[PDB]
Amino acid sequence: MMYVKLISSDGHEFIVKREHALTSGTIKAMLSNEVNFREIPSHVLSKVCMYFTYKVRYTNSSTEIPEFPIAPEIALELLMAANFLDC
């Protein structure tokens, strides 16, 4: 089982499955095993990783999909991160 490390601007290290990380087109182009995001804080990058899990779990599934939650306080930076990550 392969894993990749995504590091936030504040140095938090997020270890996610390689398959999940390849959800982001930007990340997939850099890997196809450690990426540093000097602009993405941990309160945003932790949510990016939750989205990878949510996407892999519910894509091509007929079990009722729940809403992906986003607190008002992270919405703007998560929008900036998502636009750069292409996910």
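Start at 1 with the first residue shown and count on from there. Here, rigid core means the biggest group of C-alpha atoms that superpose within 1.5 Å across both forms.
Once the rigid core is used to overlay the structures in 7 other deposited structures of this protein, the stretch among 21-29 and 5-13 whose CA atoms lie farther from this form is 21-29. In this entry, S32 is separated from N33 by 10 or more residues of the deposited sequence that have no coordinates. On average the C-alpha atoms of 23-31 have higher B-factors than those of the other stretch, with 36-44 and 23-31 being the two compared.
Averaged over Cα atoms, the B-factor as recorded in the entry is higher for 59-67 than for the other of 59-67 and 10-18.
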